[PDB]
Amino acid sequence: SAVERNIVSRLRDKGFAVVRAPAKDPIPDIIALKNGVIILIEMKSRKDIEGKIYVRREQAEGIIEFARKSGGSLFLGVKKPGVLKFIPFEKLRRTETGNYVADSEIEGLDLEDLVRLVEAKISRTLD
């Protein structure tokens, strides 16, 4: 919420047209658009007792479907102390039940790494 408004504000300053999903089918929390590049950021997640991050099957599938249909890149936003990290959703492990977990090995991207991937996609589209 304060985290969401902060990401939104920072993506808007970076020239993105940003929309926060309103409150049946799940829509990623943040939709950021810049010159044909669609970035989808999921801020909601669950944690196990140990801190293993996961997204339940139905939530995950809904946002994956939103991503798949939109042609946008989906990320799971992870709250760290004073920083946000973004895991490409394809880096999460799908469990036999269909839940998506962020394994400990997981390399998170910072907002700046995301914007750089966006600027790179923008440059690949012209070329």
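Sequential numbering from 1, following the sequence displayed.
In this entry, the higher average B-factor at the C-alpha atoms falls on 76 to 84, of the pair 76 to 84 and 34 to 42.
The question of which stretch, 116 to 124 or 3 to 11, has the higher mean Cα B factor is settled in favour of 116 to 124. Looking only at 29, 65, 90, 96, the residue with the top Cα B factor in the deposited structure is 96. Ranked by C-alpha B-factor against the other modelled residues of its chain, residue 21 falls in the middle third.
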